>>> print(open('input.txt').read())   # compact mmCIF, C-alpha atoms
# COMPACT_ATOMS: atom_id res chain seq x y z
CA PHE A 1088 30.50 17.70 -21.64
CA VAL A 1089 27.07 16.12 -21.97
CA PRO A 1090 27.13 12.35 -22.04
CA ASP A 1091 25.25 10.92 -25.01
CA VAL A 1092 22.50 8.46 -24.24
CA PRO A 1093 23.73 4.95 -25.22
CA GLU A 1094 22.26 3.19 -28.25
CA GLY A 1095 20.00 0.74 -26.41
CA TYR A 1096 18.17 3.22 -24.18
CA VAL A 1097 14.44 3.94 -24.24
CA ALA A 1098 12.89 7.37 -23.71
CA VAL A 1099 10.31 7.56 -20.92
CA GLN A 1100 8.57 10.72 -19.72
CA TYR A 1101 8.36 10.79 -15.94
CA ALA A 1102 4.82 10.63 -14.65
CA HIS A 1103 3.46 9.87 -11.22
CA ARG A 1104 1.67 6.88 -12.70
CA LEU A 1105 4.88 5.03 -13.53
CA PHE A 1106 5.72 4.47 -9.87
CA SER A 1107 3.61 2.49 -7.40
CA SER A 1108 3.66 0.59 -4.13
CA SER A 1109 3.84 -3.17 -4.70
CA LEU A 1110 4.52 -6.46 -2.96
CA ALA A 1111 7.81 -8.11 -3.82
CA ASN A 1112 9.45 -10.68 -1.56
CA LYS A 1113 7.70 -9.54 1.63
CA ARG A 1114 8.40 -5.85 1.01
CA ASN A 1115 6.38 -2.92 -0.28
CA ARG A 1116 8.83 -1.80 -2.86
CA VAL A 1117 8.43 1.25 -5.10
CA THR A 1118 7.72 -0.72 -8.26
CA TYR A 1119 8.32 0.98 -11.62
CA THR A 1120 6.31 -0.12 -14.68
CA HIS A 1121 8.02 0.23 -18.03
CA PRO A 1122 5.55 1.90 -20.40
CA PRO A 1123 6.51 -0.25 -23.39
CA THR A 1124 6.69 -3.80 -22.03
CA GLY A 1125 4.27 -3.05 -19.19
CA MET A 1126 6.64 -5.02 -16.97
CA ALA A 1127 6.88 -4.11 -13.26
CA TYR A 1128 10.28 -3.66 -11.61
CA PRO A 1129 10.21 -3.48 -7.77
CA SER A 1130 14.01 -3.30 -7.41
CA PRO A 1131 15.99 -0.30 -8.76
CA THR A 1132 18.46 -2.98 -9.93
CA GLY A 1133 17.63 -4.97 -13.06
CA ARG A 1134 15.54 -2.25 -14.68
CA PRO A 1135 15.63 -1.73 -18.48
CA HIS A 1136 17.91 1.04 -19.76
CA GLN B 1186 28.09 -10.40 12.76
CA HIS B 1187 29.44 -9.22 9.44
CA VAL B 1188 32.47 -10.06 7.37
CA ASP B 1189 34.18 -7.35 5.34
CA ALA B 1190 35.15 -8.30 1.80
CA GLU B 1191 38.47 -6.73 2.77
CA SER B 1192 39.12 -9.46 5.33
CA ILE B 1193 37.92 -12.18 3.00
CA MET B 1194 40.51 -10.89 0.57
CA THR B 1195 43.38 -10.18 2.94
CA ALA B 1196 43.31 -12.90 5.61
CA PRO B 1197 46.06 -15.53 5.66
CA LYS B 1198 44.99 -18.98 4.46
CA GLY B 1199 44.08 -21.02 7.52
CA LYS B 1200 41.92 -18.33 9.05
CA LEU B 1201 38.40 -19.58 9.76
CA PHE B 1202 35.73 -17.03 8.90
CA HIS B 1203 32.31 -17.31 10.49
CA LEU B 1204 29.64 -16.27 8.01
CA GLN B 1205 25.99 -15.88 9.06
CA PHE B 1206 22.94 -16.42 6.86
CA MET B 1207 19.25 -15.64 7.21
CA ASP B 1208 16.57 -18.23 6.70
CA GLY B 1209 13.97 -15.69 5.67
CA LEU B 1210 11.19 -18.23 5.28
CA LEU B 1211 9.50 -17.05 8.47
CA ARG B 1212 10.08 -13.36 7.82
CA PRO B 1213 6.87 -11.30 8.31
CA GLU B 1214 4.90 -10.08 5.27
CA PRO B 1215 4.39 -6.26 5.03
CA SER B 1216 0.94 -4.73 5.61
CA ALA B 1217 -0.99 -4.17 2.39
CA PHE B 1218 -1.35 -0.43 2.89
CA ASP B 1219 2.04 0.46 4.38
CA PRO B 1220 4.03 2.82 2.14
CA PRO B 1221 7.22 1.37 0.59
CA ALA B 1222 10.50 1.96 2.41
CA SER B 1223 13.58 3.20 0.56
CA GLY B 1224 16.72 1.05 0.39
CA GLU B 1225 17.60 -2.48 -0.67
CA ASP B 1226 19.21 -5.41 1.18
CA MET B 1227 22.20 -6.85 -0.71
CA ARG B 1228 24.39 -9.90 -0.22
CA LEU B 1229 27.96 -9.98 -1.48
CA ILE B 1230 29.43 -13.19 -0.07
CA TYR B 1231 27.93 -16.56 -0.96
CA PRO B 1232 28.42 -20.28 -0.22
CA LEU B 1233 29.83 -22.50 -3.00
CA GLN B 1234 28.24 -25.58 -1.45
CA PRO B 1235 25.03 -26.46 0.41
CA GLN C 1186 -19.34 3.04 22.95
CA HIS C 1187 -21.86 0.22 23.00
CA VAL C 1188 -25.62 0.05 23.02
CA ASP C 1189 -27.36 -2.72 24.95
CA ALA C 1190 -30.23 -4.43 23.17
CA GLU C 1191 -32.03 -3.87 26.47
CA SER C 1192 -31.94 -0.10 25.99
CA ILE C 1193 -32.87 -0.37 22.33
CA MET C 1194 -35.91 -2.29 23.51
CA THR C 1195 -36.84 -0.28 26.58
CA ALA C 1196 -36.10 3.38 25.78
CA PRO C 1197 -39.00 5.81 25.31
CA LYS C 1198 -39.64 6.85 21.71
CA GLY C 1199 -37.85 10.14 21.14
CA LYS C 1200 -34.59 8.97 22.67
CA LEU C 1201 -31.69 9.37 20.26
CA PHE C 1202 -29.29 6.43 20.34
CA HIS C 1203 -25.74 6.88 19.09
CA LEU C 1204 -24.59 3.73 17.33
CA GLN C 1205 -20.96 3.30 16.21
CA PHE C 1206 -19.75 1.25 13.24
CA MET C 1207 -16.37 0.05 12.06
CA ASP C 1208 -15.12 0.64 8.55
CA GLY C 1209 -12.87 -2.40 8.59
CA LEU C 1210 -11.47 -1.78 5.13
CA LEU C 1211 -8.13 -0.65 6.55
CA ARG C 1212 -7.98 -3.33 9.24
CA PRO C 1213 -4.58 -5.11 9.29
CA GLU C 1214 -4.24 -8.61 7.79
CA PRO C 1215 -2.95 -11.35 10.19
CA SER C 1216 0.56 -12.79 9.78
CA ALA C 1217 0.61 -15.99 7.72
CA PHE C 1218 2.13 -18.11 10.48
CA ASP C 1219 0.37 -16.70 13.56
CA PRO C 1220 -1.80 -19.32 15.29
CA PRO C 1221 -5.58 -18.70 15.18
CA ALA C 1222 -7.16 -16.90 18.13
CA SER C 1223 -10.31 -18.24 19.80
CA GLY C 1224 -13.51 -16.18 19.78
CA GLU C 1225 -15.69 -14.48 17.19
CA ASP C 1226 -16.81 -10.85 16.74
CA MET C 1227 -20.60 -10.53 16.38
CA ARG C 1228 -22.92 -7.67 15.52
CA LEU C 1229 -26.50 -7.61 16.74
CA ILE C 1230 -27.80 -4.15 15.81
CA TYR C 1231 -27.91 -3.04 12.18
CA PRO C 1232 -28.89 -0.01 10.07
CA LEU C 1233 -32.06 -0.25 7.93
CA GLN C 1234 -30.75 2.42 5.57
CA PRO C 1235 -27.40 3.50 4.11
CA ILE C 1236 -25.31 5.17 6.83
CA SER C 1237 -22.39 6.86 5.07
CA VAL C 1238 -24.43 9.60 3.41
CA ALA C 1239 -21.87 12.27 4.27
CA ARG C 1240 -18.96 10.27 2.82
CA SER C 1241 -17.10 12.15 0.08
CA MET C 1242 -13.98 9.98 0.17
CA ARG C 1243 -12.77 6.67 1.55
CA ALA C 1244 -9.56 4.66 2.00
CA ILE C 1245 -6.93 7.14 0.82
CA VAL C 1246 -4.20 4.51 0.78
CA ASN C 1247 -2.35 2.43 -1.76
CA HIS C 1248 -2.73 -1.31 -1.85
CA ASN C 1249 0.34 -3.37 -2.81
CA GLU C 1250 -1.38 -6.24 -4.65
CA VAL C 1251 -4.10 -4.25 -6.49
CA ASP C 1252 -4.64 -1.04 -8.48
CA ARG C 1253 -7.21 0.47 -6.11
CA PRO C 1254 -8.41 -0.94 -2.80
CA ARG C 1255 -11.91 -2.36 -2.94
CA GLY C 1256 -14.34 0.11 -1.41
CA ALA C 1257 -12.11 3.08 -2.15
CA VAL C 1258 -14.24 6.13 -2.98
CA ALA C 1259 -13.18 9.06 -5.16
CA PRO C 1260 -14.61 12.57 -4.61
CA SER C 1261 -17.49 13.49 -6.95
CA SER C 1262 -16.65 15.75 -9.88
CA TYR C 1263 -19.09 18.34 -8.54
CA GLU C 1264 -16.90 19.10 -5.51
CA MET C 1265 -14.26 20.17 -8.02
CA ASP C 1266 -16.18 22.14 -10.67
CA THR C 1267 -15.56 25.73 -9.71
CA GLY C 1268 -18.04 26.59 -12.44
CA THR C 1269 -18.82 30.29 -12.92
CA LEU C 1270 -20.81 33.15 -11.48
CA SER C 1271 -23.87 33.87 -13.62
CA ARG C 1272 -24.91 37.46 -14.33
CA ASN C 1273 -27.76 36.94 -11.86
CA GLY C 1274 -25.25 36.05 -9.17
CA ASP C 1275 -26.33 32.41 -9.02
CA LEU C 1276 -23.46 29.89 -9.11
CA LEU C 1277 -23.37 27.57 -12.11
CA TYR C 1278 -21.56 24.35 -12.90
CA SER C 1279 -19.42 24.33 -16.04
CA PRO C 1280 -21.38 23.47 -19.18
CA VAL C 1281 -21.37 19.73 -19.94
CA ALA C 1282 -20.96 20.66 -23.61
CA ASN C 1283 -20.62 23.68 -25.89
CA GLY C 1284 -23.80 25.64 -26.59
>>> encode(input="input.txt", output="structure tokens")
Amino acid sequence: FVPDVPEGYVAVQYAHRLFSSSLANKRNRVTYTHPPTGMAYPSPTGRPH
Amino acid sequence: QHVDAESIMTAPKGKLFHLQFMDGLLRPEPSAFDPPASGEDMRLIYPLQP
Amino acid sequence: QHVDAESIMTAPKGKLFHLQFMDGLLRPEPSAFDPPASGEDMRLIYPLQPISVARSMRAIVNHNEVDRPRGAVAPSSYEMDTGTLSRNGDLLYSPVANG
């Protein structure tokens, strides 16, 4: 069994550049920046599929 | 102190839980060059009222 | 170490002073609610010329608010061009362009 990727998901090649240190609510969280939207996501929760 | 969701769910009515809450307004800001720490604080139980 | 202005002024020519300097780029920022301290750091002796002539790199740290810290210095490309050995035996940099 290989789970299919669900219809809404977006392909993203891993690259060191996608992850960074950043301030977020008095913490230096490992922010991830989505390559399409450009949006930064300090929490692992709430990230785009 | 901490309150298990298990006790919130299984205690008889009439029990008086004692929840604690942080006022994080005065929490220190991280140094600009300190590497990020892994992990994430989460809260499960919330007030319904002020 | 510290150097008195008195010694700067009274030493025979030929003496070799050893001045120290802070790179305060990585100095910690104060907490937002900490009360101010009294007193003021002062510097009296200064270089007449650039001092960090040996400096290949600087501030190898991430900054949370910004893409690169101000004053961060990358290594020059030349440190990293292995180049080639010429038939003479002289080392060469890689060609900038074909031909």
>>> closest_residue(input="input.txt", among="B:1189, B:1219, B:1226, B:1214", to="residue 1202 (chain B)", atoms="only C-alpha atoms")
B:1189
>>> atom_distance(input="input.txt", atom1="CA of residue 1129 (chain A)", atom2="CA of residue 1260 (chain C)")
29.7 Å
>>> residues_around(input="input.txt", residues="region 1244-1253 of chain C", least_positions_apart="3", cutoff="12 Å", atoms="only C-alpha atoms", output="NGL selection string")
(:A and (1104 or 1106-1118 or 1129)) or (:B and (1214-1221)) or (:C and (1208-1213 or 1240-1241 or 1256-1260))
>>> residues_near_point(input="input.txt", point="(10.0, 5.8, -27.3)", cutoff="12 Å", atoms="all atoms listed in the file", output="ChimeraX atom specification")
/A:1095-1100,1121-1124,1136
>>> atom_distance(input="input.txt", atom1="CA of residue 1120 (chain A)", atom2="CA of residue 1222 (chain B)")
17.7 Å
>>> decode(input="input.txt", residues="region 1105-1130 of chain A", atoms="N, CA, C and O atoms", output="PDB file, in the first residue's frame")
ATOM      1  N   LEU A1105      14.080  26.658   2.402  1.00  0.00           N
ATOM      2  CA  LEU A1105      12.675  26.721   2.797  1.00  0.00           C
ATOM      3  C   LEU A1105      12.482  26.880   4.296  1.00  0.00           C
ATOM      4  O   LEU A1105      11.452  27.384   4.747  1.00  0.00           O
ATOM      5  N   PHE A1106      13.472  26.446   5.067  1.00  0.00           N
ATOM      6  CA  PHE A1106      13.402  26.561   6.520  1.00  0.00           C
ATOM      7  C   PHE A1106      14.378  27.587   7.093  1.00  0.00           C
ATOM      8  O   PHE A1106      15.521  27.695   6.649  1.00  0.00           O
ATOM      9  N   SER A1107      13.911  28.333   8.089  1.00  0.00           N
ATOM     10  CA  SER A1107      14.677  29.441   8.654  1.00  0.00           C
ATOM     11  C   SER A1107      14.360  29.633  10.124  1.00  0.00           C
ATOM     12  O   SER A1107      13.340  29.163  10.609  1.00  0.00           O
ATOM     13  N   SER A1108      15.261  30.285  10.848  1.00  0.00           N
ATOM     14  CA  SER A1108      14.930  30.797  12.170  1.00  0.00           C
ATOM     15  C   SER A1108      14.020  32.003  11.980  1.00  0.00           C
ATOM     16  O   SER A1108      14.210  32.768  11.034  1.00  0.00           O
ATOM     17  N   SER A1109      13.035  32.183  12.856  1.00  0.00           N
ATOM     18  CA  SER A1109      12.268  33.432  12.854  1.00  0.00           C
ATOM     19  C   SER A1109      11.564  33.706  14.174  1.00  0.00           C
ATOM     20  O   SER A1109      11.233  32.783  14.922  1.00  0.00           O
ATOM     21  N   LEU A1110      11.354  34.986  14.463  1.00  0.00           N
ATOM     22  CA  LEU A1110      10.578  35.378  15.626  1.00  0.00           C
ATOM     23  C   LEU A1110       9.121  35.050  15.396  1.00  0.00           C
ATOM     24  O   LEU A1110       8.590  35.279  14.308  1.00  0.00           O
ATOM     25  N   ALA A1111       8.470  34.542  16.435  1.00  0.00           N
ATOM     26  CA  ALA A1111       7.029  34.346  16.418  1.00  0.00           C
ATOM     27  C   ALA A1111       6.564  34.152  17.843  1.00  0.00           C
ATOM     28  O   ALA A1111       6.822  33.106  18.441  1.00  0.00           O
ATOM     29  N   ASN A1112       5.889  35.164  18.382  1.00  0.00           N
ATOM     30  CA  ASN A1112       5.384  35.112  19.748  1.00  0.00           C
ATOM     31  C   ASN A1112       6.484  34.798  20.752  1.00  0.00           C
ATOM     32  O   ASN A1112       6.394  33.815  21.488  1.00  0.00           O
ATOM     33  N   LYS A1113       7.533  35.618  20.754  1.00  0.00           N
ATOM     34  CA  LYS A1113       8.638  35.460  21.700  1.00  0.00           C
ATOM     35  C   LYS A1113       9.302  34.087  21.645  1.00  0.00           C
ATOM     36  O   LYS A1113       9.712  33.551  22.671  1.00  0.00           O
ATOM     37  N   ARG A1114       9.409  33.521  20.450  1.00  0.00           N
ATOM     38  CA  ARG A1114      10.161  32.290  20.263  1.00  0.00           C
ATOM     39  C   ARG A1114      10.859  32.318  18.921  1.00  0.00           C
ATOM     40  O   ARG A1114      10.408  33.005  18.003  1.00  0.00           O
ATOM     41  N   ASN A1115      11.967  31.587  18.813  1.00  0.00           N
ATOM     42  CA  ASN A1115      12.708  31.516  17.562  1.00  0.00           C
ATOM     43  C   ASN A1115      12.349  30.235  16.872  1.00  0.00           C
ATOM     44  O   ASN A1115      13.114  29.273  16.857  1.00  0.00           O
ATOM     45  N   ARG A1116      11.152  30.222  16.322  1.00  0.00           N
ATOM     46  CA  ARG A1116      10.633  29.030  15.709  1.00  0.00           C
ATOM     47  C   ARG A1116      11.218  28.774  14.316  1.00  0.00           C
ATOM     48  O   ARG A1116      11.577  29.710  13.594  1.00  0.00           O
ATOM     49  N   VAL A1117      11.327  27.491  13.968  1.00  0.00           N
ATOM     50  CA  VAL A1117      11.771  27.069  12.647  1.00  0.00           C
ATOM     51  C   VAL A1117      10.656  27.360  11.650  1.00  0.00           C
ATOM     52  O   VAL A1117       9.858  26.496  11.325  1.00  0.00           O
ATOM     53  N   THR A1118      10.590  28.603  11.192  1.00  0.00           N
ATOM     54  CA  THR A1118       9.630  28.994  10.180  1.00  0.00           C
ATOM     55  C   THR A1118       9.862  28.259   8.856  1.00  0.00           C
ATOM     56  O   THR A1118      11.008  28.026   8.449  1.00  0.00           O
ATOM     57  N   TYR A1119       8.763  27.869   8.210  1.00  0.00           N
ATOM     58  CA  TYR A1119       8.791  27.338   6.847  1.00  0.00           C
ATOM     59  C   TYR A1119       8.103  28.328   5.905  1.00  0.00           C
ATOM     60  O   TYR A1119       7.008  28.799   6.206  1.00  0.00           O
ATOM     61  N   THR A1120       8.733  28.651   4.773  1.00  0.00           N
ATOM     62  CA  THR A1120       8.081  29.521   3.786  1.00  0.00           C
ATOM     63  C   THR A1120       7.609  28.748   2.581  1.00  0.00           C
ATOM     64  O   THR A1120       8.406  28.125   1.884  1.00  0.00           O
ATOM     65  N   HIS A1121       6.302  28.791   2.347  1.00  0.00           N
ATOM     66  CA  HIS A1121       5.696  28.100   1.225  1.00  0.00           C
ATOM     67  C   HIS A1121       6.205  28.762  -0.049  1.00  0.00           C
ATOM     68  O   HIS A1121       6.069  29.971  -0.219  1.00  0.00           O
ATOM     69  N   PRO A1122       6.817  27.977  -0.947  1.00  0.00           N
ATOM     70  CA  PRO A1122       7.287  28.563  -2.205  1.00  0.00           C
ATOM     71  C   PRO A1122       6.219  29.230  -3.080  1.00  0.00           C
ATOM     72  O   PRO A1122       6.542  30.239  -3.703  1.00  0.00           O
ATOM     73  N   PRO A1123       4.975  28.713  -3.116  1.00  0.00           N
ATOM     74  CA  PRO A1123       4.019  29.480  -3.927  1.00  0.00           C
ATOM     75  C   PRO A1123       3.597  30.810  -3.306  1.00  0.00           C
ATOM     76  O   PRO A1123       3.936  31.867  -3.835  1.00  0.00           O
ATOM     77  N   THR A1124       2.862  30.752  -2.204  1.00  0.00           N
ATOM     78  CA  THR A1124       2.336  31.959  -1.574  1.00  0.00           C
ATOM     79  C   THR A1124       3.425  32.883  -1.025  1.00  0.00           C
ATOM     80  O   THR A1124       3.241  34.097  -0.958  1.00  0.00           O
ATOM     81  N   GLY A1125       4.556  32.303  -0.633  1.00  0.00           N
ATOM     82  CA  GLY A1125       5.641  33.061  -0.035  1.00  0.00           C
ATOM     83  C   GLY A1125       5.420  33.229   1.455  1.00  0.00           C
ATOM     84  O   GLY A1125       6.259  33.784   2.162  1.00  0.00           O
ATOM     85  N   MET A1126       4.282  32.729   1.929  1.00  0.00           N
ATOM     86  CA  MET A1126       3.868  32.879   3.319  1.00  0.00           C
ATOM     87  C   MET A1126       4.782  32.115   4.271  1.00  0.00           C
ATOM     88  O   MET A1126       5.195  30.998   3.965  1.00  0.00           O
ATOM     89  N   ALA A1127       5.094  32.715   5.420  1.00  0.00           N
ATOM     90  CA  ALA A1127       5.909  32.051   6.446  1.00  0.00           C
ATOM     91  C   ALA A1127       5.054  31.408   7.536  1.00  0.00           C
ATOM     92  O   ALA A1127       4.069  31.988   7.994  1.00  0.00           O
ATOM     93  N   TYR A1128       5.458  30.217   7.961  1.00  0.00           N
ATOM     94  CA  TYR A1128       4.675  29.405   8.887  1.00  0.00           C
ATOM     95  C   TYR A1128       5.520  28.891  10.050  1.00  0.00           C
ATOM     96  O   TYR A1128       6.052  27.783   9.975  1.00  0.00           O
ATOM     97  N   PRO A1129       5.698  29.712  11.099  1.00  0.00           N
ATOM     98  CA  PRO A1129       6.530  29.324  12.253  1.00  0.00           C
ATOM     99  C   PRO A1129       6.103  28.048  12.997  1.00  0.00           C
ATOM    100  O   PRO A1129       6.963  27.275  13.429  1.00  0.00           O
ATOM    101  N   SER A1130       4.805  27.817  13.122  1.00  0.00           N
ATOM    102  CA  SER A1130       4.309  26.603  13.759  1.00  0.00           C
ATOM    103  C   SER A1130       4.145  25.500  12.731  1.00  0.00           C
ATOM    104  O   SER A1130       3.702  25.769  11.615  1.00  0.00           O
TER     105      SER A1130
END
